[PDB]
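Quick notes on the structure that follows.
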Amino acid sequence: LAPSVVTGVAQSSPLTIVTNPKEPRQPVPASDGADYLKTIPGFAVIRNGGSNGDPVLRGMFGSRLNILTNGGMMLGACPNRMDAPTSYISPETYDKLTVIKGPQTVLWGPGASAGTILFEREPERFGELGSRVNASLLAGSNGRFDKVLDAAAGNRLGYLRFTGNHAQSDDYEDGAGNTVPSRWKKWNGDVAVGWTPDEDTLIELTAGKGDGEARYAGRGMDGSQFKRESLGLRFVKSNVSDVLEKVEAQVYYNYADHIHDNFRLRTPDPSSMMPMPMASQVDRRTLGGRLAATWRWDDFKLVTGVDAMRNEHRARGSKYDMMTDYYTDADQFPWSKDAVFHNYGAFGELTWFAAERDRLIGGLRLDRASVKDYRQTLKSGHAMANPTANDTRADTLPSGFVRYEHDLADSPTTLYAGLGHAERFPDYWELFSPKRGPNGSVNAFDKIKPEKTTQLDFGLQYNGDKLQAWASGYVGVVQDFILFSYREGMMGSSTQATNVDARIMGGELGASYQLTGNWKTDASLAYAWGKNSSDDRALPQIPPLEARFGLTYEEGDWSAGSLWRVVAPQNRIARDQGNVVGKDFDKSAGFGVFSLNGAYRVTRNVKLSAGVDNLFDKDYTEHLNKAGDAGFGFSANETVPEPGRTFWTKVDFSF
Ligand SMILES: [Cu+]
C-alpha cells in the first residue's frame with residue numbers, strides 16, 4: 001500500500017483503460033486533459049505552448065476522439081482549435097478517467113472512430129450526516145503553482161459538493177537555455193447538488209465555470225480568455241423491475257467564450273501580416289441529452305437509448321483605424337453567427353455471457369446529423385460574398401461493432417478480436433476553417449464528405465501474479481479521410497480540405513513485473529502507421545514509435561522511481577499536409593528523456609511526492625509540435641521545443 005507516482009497506465013480490460021486522475025503523474029501535467037493522456041500508451045500531444053495541447057490517439061486527430069465530461073460534450077470556439085475540448089478539463093477535479101480504444105462502443109455519441117474518453121465524477125455515498133475534503137498543492141520550476149480543493153457534505157438523503165482549482169506557470173525553458181513563450185493560468189469552480197430520496201434514485205444538479213489564458217509559442221496569437229460555463233442535470237433510477245436494472249437521463253449545457261489577440265500576451269510583430277493590434281472573440285453554445293435503459297436477464301445484458309445535440313458558433317472581431325491609429329475592441333460589435341450543428345441518434349448494445357469464459361458484444365447506432373452555414377459574408381478591400389450562405393446539409397449515418405472475448409482454461413489470459421464500423425459527419429473545423437474545399441467545389445462546407453472507418457481490433461490480457469501484460473493492435477481503412485493541405489501564395493499560408501482514402505494499422509503493448517516484494521519494473525510500446533492511398537503517400541502527423549521503461553522501489557511508507565522515455569525518428573511524413581492545427585514539414589530526430597520520482601505517506605491524511613523531469617536537460621522537440629512563430633525568433637519550420645529539466649513537489653490531503 002506504499003504510495004507512488006504514475007508514469008504509465010496499463011490496459012486493465014479489452015480495449016479499455018481506467019485510471020484515477022488524482023494520483024501524481026511523473027512527467028508533471030499542466031492542468032489540462034491532453035497531458036493526463038500522455039501516460040496512456042497510444043496518445044501523443046501537439047504542443048502549442050505551455051498548456052492546451054491537442055490530443056492525438058493512434059495517429060488520429062480532433063473529433064475522431066469523443067471527449068466527454070460527466071457524460072456531456074464541451075466544444076470549443078477557436079477556429080484554430082486553441083481551445084480543444086481537453087483544454088477546458090482540469091482532470092484533478094474529476095474522480096475517474098476511462099478510455100475505450102477503437103470504434104467499439106455506441107453508448108456515448110456519434111463518430112468516435114478513434115476512441116472514447118470519459119472524465120467522470122461519482123456521486124457521494126453518505127449514509128449518515130458527514131463531510132469530506134480532498135486537496136492538493138503543487139509547486140515547481142518556472143513559477144509553477146497549483147491549488148485543488150474538493151469538498152462535500154451530506155447525508156442519506158442528499159449532498160452538496162464543491163470542486164475547484166487554480167493553476168499557473170511562467171514561461172518554461174528548453175534544454176538549450178531558451179525561454180519558450182508559454183506562460184498559462186487556469187481556474188475552475190463547480191458545484192453539484194445531489195438528491196437521493198431512496199437507494200434506487202439519484203437526481204443531481206451541477207453548475208460550474210472557469211477561465212484561463214495561455215501564451216502560444218506555436219501561433220500568431222495568444223489565448224487571452226477561455227471562459228466556460230456549464231449546467232447539468234442527470235437522473236438515475238435503479239431496479240425499476242426484475243429485468244429493468246437501470247434508467248439514466250441526462251441534459252447538459254456548455255458555453256465557451258474565447259478570445260485570442262496579438263497584444264495582451266505579446267506585442268504585435270512588426271514584420272508580420274498583423275503589425276497592428278488585433279483581437280477576435282468567438283463562442284460556442286452546446287445543448288445535449290441522453291436517455292438510456294439497461295436490461296439484464298438470463299445470460300444477456302441490453303443497453304438501449306437515444307441521444308441528441310445542438311451547438312452554435314458565433315464570432316466578432318476588433319478594428320484598427322490605421323489613419324487615426326485608433327483601436328475598437330471586438331466587444332463593441334454584434335456577435336455574428338456562423339454555424340449551427342444538430343445530431344439525433346438511437347443506439348443499442350447487446351451482450352451475451354456464453355458460459356463463463358466467453359463474451360460476445362454487439363452494438364449499433366443510427367445518427368441523423370445536419371449543419372447550417374450562417375455566414376452571410378467571408379473574409380478576403382475587406383469581404384466577399386459567401387456562396388453557401390444559409391444553406392443546410394444533412395446525412396444519416398449508421399455505425400456498429402461486434403466483439404468476442406475468450407478466457408483461457410489454464411492461464412489467467414483473455415483474448416479478444418472485434419470488428420467496428422464508424423461514420424462521422426464533418427465537424428466545425430473541417431467545414432468552416434479551410435480557405436478552400438476540394439477542387440471544383442465552391443467551398444469546403446458544400447462538398448467535404450463524411451468520414452467512414454472500418455477497423456479490426458484485437459489483443460490479449462495476462463493477469464498473472466508476478467507478471468501483468470496486455471497488447472492491443474488494430475488494422476483499418478478510412479474512406480474519405482478528411483485531410484488538410486497547405487499552400488503559400490504569399491498571402492500567408494492557406495489551407496484546402498479534401499477527402500482521401502487511407503489505410504491505418506498499429507498497436508500498443510505493455511507489461512509490469514514484480515521482481516521482489518520491493519522492486520517492480522514495467523515497460524510499454526506504442527506504434528501508429530498510416531497511408532494516404534488516394535495519393536500513394538504517407539499520412540501526415542503520425543507520431544513515431546515510442547517506448548517507456550520504469551523501475552520502482554517501494555518500502556513501507558515510501559517509494560522511489562526512475563523512468564526512461566525513448567522515441568524513434570519519424571521518417572514517414574507528408575510535407576505540407578496535416579489537419580486544421582498542424583502540418584508535416586521535416587523528418588524528426590529520435591531522443592531519450594530520463595526522470596526520477598519519489599513519494600512518502602506522512603499520515604493517513606497527508607502524502608507527499610516529488611520529481612525531477614528530464615534530468616539531463618535534453619534539448620528536444622516532438623514530431624507533432626507546432627512550428628514556432630517567426631515573431632518569437634523561430635526560424636525555418638523549427639517546431640516548439642519540449643521543456644528542459646524541471647523540479648516539482650506535491651502534497652495530497654484527504655479527510
Ligand atoms: Cu483562438
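One-based numbering along the sequence shown. For the numbers below, each heavy atom of this structure counts, side chains included, while hydrogens, waters and symmetry mates do not.
Using a 4.5 Å heavy-atom cutoff, the side chains of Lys38 and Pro27 are not in contact. Contact of the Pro268 side chain with the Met276 side chain is not registered, since no non-hydrogen atoms from C-beta on lie closer than 4.5 Å. Side-chain contact between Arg215 and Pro181 is present, with at least one heavy-atom pair separated by less than 4.5 Å. For the pair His313/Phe341, no side-chain contact is recorded, criterion being any heavy-atom separation below 4.5 Å from C-beta on. Using a 4.5 Å heavy-atom cutoff, the side chains of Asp576 and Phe585 are in contact. Counting only heavy atoms from C-beta outward, the side chains of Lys209 and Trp187 approach each other to under 4.5 Å. Side-chain contact between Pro24 and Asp652 is present, with heavy atoms from C-beta onward closer than 4.5 Å. Using a 4.5 Å heavy-atom threshold, the side chains of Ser494 and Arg436 count as touching.
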Checking salt bridge (charged side-chain N to carboxylate O under 4.0 Å, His left out) for the pair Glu622/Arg565: CA distance, chi angles, key distance, verdict?
CA-CA 12 Å; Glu622 315 240 20; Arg565 175 171 185 238; 2.9 Å; yes

Walk me through whether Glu92 and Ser136 qualify under side chain to side chain contact (heavy atoms under 4.5 Å, CB included).
CA-CA 9 Å; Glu92 319 95 283; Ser136 74; 5.7 Å; no

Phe653 and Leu137: CA distance, side-chain angles, deciding distance, side chain to side chain contact (heavy atoms under 4.5 Å, CB included) verdict
CA-CA 9 Å; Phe653 305 94; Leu137 309 158; 4.2 Å; yes

Check step by step if side chain to side chain contact (heavy atoms under 4.5 Å, CB included) holds for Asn52 and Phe226.
CA-CA 11 Å; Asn52 304 337; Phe226 296 78; 3.6 Å; yes

Check the pair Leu138, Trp648 against side chain to side chain contact (heavy atoms under 4.5 Å, CB included), reporting the backbone distance first and the verdict last.
CA-CA 7 Å; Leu138 184 137; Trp648 56 268; 4.2 Å; yes

Kindly determine whether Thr388 and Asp373 satisfy side chain to side chain donor-acceptor pair (under 3.5 Å), including the steps that lead there.
CA-CA 7 Å; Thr388 61; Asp373 181 9; 2.7 Å; yes

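Judged purely by distance below 3.5 Å, without hydrogens or angles, the side chains of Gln376 and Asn386 never pair a donor atom with an acceptor atom. Side-chain polar atoms of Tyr216 and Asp629 form no donor-acceptor pair below 3.5 angstrom. If you check the side chains of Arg284 and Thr286, you find no donor sitting under 3.5 Å from an acceptor. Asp367 and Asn343 are linked by a side-chain donor-acceptor pair at a separation below 3.5 angstrom, with hydrogens and angles left out of the test. For the residue pair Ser224 / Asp261, a side-chain donor-acceptor distance below 3.5 Å is found, with atom types taken as modelled. A donor-acceptor contact closer than 3.5 angstrom is absent between the side chains of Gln225 and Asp211. A donor and an acceptor atom, one from each side chain of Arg290 and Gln250, are nowhere located under 3.5 Å apart. In the model, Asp613 has a side-chain atom that pairs as donor or acceptor with a side-chain atom of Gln26 under 3.5 Å.
Taking the six-membered ring where the residue is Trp, the centroids of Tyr327 and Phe263 are separated by under 6.0 Å.
Using a cut-off of 4.0 Å between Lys/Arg side-chain N and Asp/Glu carboxylate O, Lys22 and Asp95 are scored as salt-bridged. We find that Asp35 and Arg25 are not joined by a salt bridge, their nearest charged nitrogen and carboxylate oxygen being 4.0 Å or further apart. Contact check on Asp150 versus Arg161 returns a salt bridge, with a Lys/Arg side-chain nitrogen under 4.0 Å from an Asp/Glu carboxylate oxygen. By the 4.0 Å N-to-carboxylate-O rule, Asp329 lies close enough to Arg264 to be salt-bridged with it. Between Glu430 and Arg424, at least one side-chain nitrogen of the basic residue sits less than 4.0 Å from a carboxylate oxygen of the acidic one, meeting the salt-bridge criterion. The pair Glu248-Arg234 does not count as a salt bridge, with every side-chain nitrogen at least 4.0 angstrom from each carboxylate oxygen.
A side chain to side chain donor-acceptor pair (under 3.5 Å) with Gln168 is found for exactly one of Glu213, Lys186, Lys185, namely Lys185. Among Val9, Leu118, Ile117, the single residue meeting the side-chain contact (heavy atoms from CB on, under 4.5 Å) criterion with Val99 is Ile117.
Qualifying salt bridge (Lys or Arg N to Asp or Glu O under 4.0 Å) partners for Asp32, counting only residues two or more places apart in sequence or in other chains: none. Qualifying salt bridge (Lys or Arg N to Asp or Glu O under 4.0 Å) partners for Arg310, counting only residues two or more places apart in sequence or in other chains: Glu312. When the salt bridge (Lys or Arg N to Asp or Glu O under 4.0 Å) test is applied to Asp283, the partners found at least two apart in sequence or on another chain are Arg314. Taking the salt bridge (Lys or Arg N to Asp or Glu O under 4.0 Å) definition, one finds that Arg47 meets it with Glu642, sequence neighbours left out.
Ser182 places a side-chain N or O within 3.5 Å of a backbone atom of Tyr172 that can act as its donor or acceptor partner. No donor-acceptor pair closer than 3.5 Å links the side chain of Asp584 to the backbone N or O of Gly578. Listed for the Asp171 side chain is a donor-acceptor partner under 3.5 Å among the backbone atoms of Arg183. No donor-acceptor distance shorter than 3.5 angstrom exists from the side chain of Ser230 to the backbone of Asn254, with no hydrogens or angles considered. Although no hydrogens or angles enter the test, the distance criterion places no donor-acceptor pair under 3.5 Å between the side chain of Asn178 and the main chain of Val180. In this structure a side-chain-to-backbone donor-acceptor pair under 3.5 Å is missing from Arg144 to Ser141. A donor-acceptor pair under 3.5 Å is absent between the side-chain atoms of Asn625 and the main chain of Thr639, judged by distance alone. Between the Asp619 side chain and the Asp174 main chain, no donor and acceptor come within less than 3.5 Å of each other.
Minimum interatomic distance between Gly59 and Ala528 (heavy atoms only, all atoms of both residues): N-CB, 4.2 Å. The heavy-atom pair separating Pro103 from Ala422 by the smallest distance is CB-CB, 3.7 Å. Taking all atoms of both residues into account, the shortest heavy-atom contact from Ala114 to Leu57 is O-CD2, 3.5 Å. The shortest heavy-atom contact between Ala444 and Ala497 is CB-CB, 4.4 Å. For the pair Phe484 and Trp429, the tightest heavy-atom approach, listed with the atom from each and the gap, is CZ-O, 3.7 Å. Listed here is the closest heavy atom pair of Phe632 and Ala217: CD1-O, 3.9 Å.
Here CD of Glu229 is found 10.5 Å from CG of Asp190. Values are rounded to the nearest 0.5 Å.
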Validation: residues 71-87 side-chain donor-acceptor distances under 3.5 Å, sequence neighbours left out:
from  : atom 1 : to    : atom 2 : distance (Å)
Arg81 : NE     : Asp54 : OD2    : 3.1
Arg81 : NH2    : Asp54 : OD1    : 3.0
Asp83 : OD1    : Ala77 : N      : 3.3
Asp83 : OD1    : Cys78 : N      : 2.9
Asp83 : OD2    : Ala77 : N      : 3.0
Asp83 : OD2    : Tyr88 : OH     : 2.6
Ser87 : OG     : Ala84 : O      : 2.7

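Within the structure, no pair that satisfies the side chain to side chain donor-acceptor pair (under 3.5 Å) test touches residues 111-120, not counting sequence neighbours.
Ring-plane geometry between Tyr428 and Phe432 is classed as parallel, the angle between the planes falling under 30 degrees on a 0 to 90 degree scale with a further cut at 60.
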